[PDB]
Amino acid sequence: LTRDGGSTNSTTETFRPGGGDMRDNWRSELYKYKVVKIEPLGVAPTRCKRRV
Amino acid sequence: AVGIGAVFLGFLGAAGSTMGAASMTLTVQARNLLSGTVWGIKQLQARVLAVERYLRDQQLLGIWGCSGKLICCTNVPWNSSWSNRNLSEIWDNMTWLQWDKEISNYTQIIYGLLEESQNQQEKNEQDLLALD
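Residues numbered from 1 in each chain as written, not as in the entry; some residues may be left out. Chains lettered and ligands numbered in written order. Part of a larger assembly, values for the part shown. Heavy atoms only, no water.

A. Region of interest: the overall build of chain A. When helices and strands are counted, chain A shows one helix and two strands. Ordered by position from the N terminus, the helices and strands of chain A form the series β-β-α. For 52 residues, the compact-globule estimate of 2.2 N^0.38 gives 10 Å, and the C-alpha radius of gyration of chain A, at 27 Å, exceeds that figure by more than 25%. Projecting the C-alpha coordinates of chain A onto the three principal axes gives extents of approximately 80 × 30 × 15 Å. Only carbon and sulfur atoms are counted for the fraction: they give 54% of the accessible area of chain A, which is about 6200 Å². If you average the places of the 11 positive and of the 6 negative side-chain charges in chain A, the two averages end up 23 Å apart. (Helix = DSSP H or I, 4+ residues; strand = E, 2+ residues; numbered from the N terminus. Rg over C-alpha atoms; globule rule 2.2 N^0.38 Å. Areas by Shrake-Rupley, 256 points an atom, 1.4 Å probe, with all protein chains shown as cover. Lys, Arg positive; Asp, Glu negative; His and termini not counted. Charge placed at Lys NZ, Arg CZ, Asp CG, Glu CD.)

B. Here's a closer look at the pattern of salt bridges. Taken as a whole and assessed by the stated rule, the structure comprises seven salt bridges over all chains. Measuring nitrogen to oxygen at the nearest pair gives 3.9 Å for the salt bridge that ties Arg51(A) to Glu125(B). Of this pair, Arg51(A) sits in the segment after α1 (23-27) while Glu125(B) sits in helix α7 (residues 110-131), which puts the two residues in different chains. For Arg51(A), a relative accessible area of 51% corresponds to the exposed category. Overlapping salt bridges, with partners in common, bring together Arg85(B), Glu89(B) and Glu102(B) in one network. (Salt bridge = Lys/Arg side-chain N within 4 Å of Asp/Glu carboxyl O. Buried < 20%, exposed > 50% of the residue type's maximum accessible area, 1.4 Å probe, protein only.)

C. Spotlight on the state of the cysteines. On inspection of all chains with the given rule, the structure shows one disulfide over all chains. With no disulfide of its own, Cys73(B) lies closest to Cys72(B) among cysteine sulfurs, the gap being 7.2 Å. (Disulfide = S-S within 2.5 Å.)

D. Structural view of the interface of chain B and chain A. Residue-level contacts link four residues of chain B with five residues of chain A. Of the roughly 380 Å² buried between chain B and chain A, counting both surfaces, carbon and sulfur atoms make up 54%. Together, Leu129(B), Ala130(B) and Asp132(B) form the three largest contributors to the area buried by chain B at its contact with chain A, with a combined 82%. At the boundary of chain B and chain A, one finds one salt bridge. For the pair chain B and chain A, the number of links is one residue pair in polar contact. Split into classes, the residues belonging to the side of chain B that touches chain A amount to two nonpolar, no polar and two charged. (Contact = heavy atoms within 4.5 Å. Buried area = accessible area lost by both parts, 1.4 Å probe. Polar contact = N/O pair within 3.5 Å; in protein donor to acceptor, adjacent residues only side chain to side chain. Nonpolar A, V, L, I, M, F, W, Y, C, P; charged D, E, K, R; others polar.)

E. Local environment of α7(B). Residues and elements named next belong to chain B. End to end, α7 covers 32 Å across 22 residues, agreeing with the expected 32 Å (1.5 Å per residue, within 8%). Among all positions in α7, only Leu114, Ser117, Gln118 and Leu129 are buried. Angularly, the buried residues of α7 cover 95° about the axis, an arc narrow enough to put them on a single face. Facing away from the buried surface of α7 by more than 90 degrees, the exposed residues are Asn119 and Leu131. (Expected span 1.5 Å × (residues − 1). Arc of directions from axis to C-beta.)

F. Geometry of the environment of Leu128(B). Residues and elements named next belong to chain B. Summarising the element assignment, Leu128 is placed in helix α7. Looking at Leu128, the relative accessible area reads 39%, which means it is partly exposed. Distance in space between the C-alpha atoms of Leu128 and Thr107 is 33 Å, their sequence separation being 21 residues.

G. Summary view of the packing of aromatic side chains. All names here are of chain B. Applying the stated criterion across every chain, the model contains two aromatic pairs over all chains. Judged by centre distance (4.6 Å) and plane angle (85°), the ring pair of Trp78 and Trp82 falls under edge-to-face. Over the face of the ring belonging to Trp39 we find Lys42, whose NZ or CZ atom lies 5.4 Å from the ring centre. (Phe/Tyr/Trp six-rings, centres within 6.5 Å; stacked < 30°, edge-to-face > 60°. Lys NZ or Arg CZ within 6 Å of the ring centre and 35° of its normal.)

H. Representation of the environment of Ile63(B) in the model. Mapped onto the fold, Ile63(B) is located in the loop between α3 (39-62) and α4 (80-83). It is 6.9 Å that separates the C-alpha atoms of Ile63(B) and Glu115(B), two residues lying 52 residues apart in sequence.

Okay, here's the thing in structure tokens:
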């Protein structure tokens, strides 16, 4: 849908169908996935020490 | 000194013989493993398949006790319910090809045992150097 850009003090808000891009049909189905990248090798302090 | 002694064979050369004699040479079987217009895609996927396999094997060896020892020992005792063989016969009687069909059932468990053993040993020595 698409709202009409109604200025000048009117209480009704009409709506109209509008096709436009083809991208929105896929955006109706990929609204639930983001892609993330793994990162290993953290580093943290603790109480141990390497012997010679 | 040596008139005629067994020099060395190619890779998989010893593989008919017994395991005791075959364990003398491993480096030959290890070295011949890395390296020695649509067709370029087939060659490139062949090469990356090769290095993918070798890297999987290196990682799987790394997560146990021995990274690059090429011969290891560890702290998991052999349960005789798997093999039911004497010690005296295996090193002087059978080949690895003969061996693999005998130990084929009990796999994929021993690997997890090695994983847990190395993990517990690492956390215990971690606690040891923690109080050190």
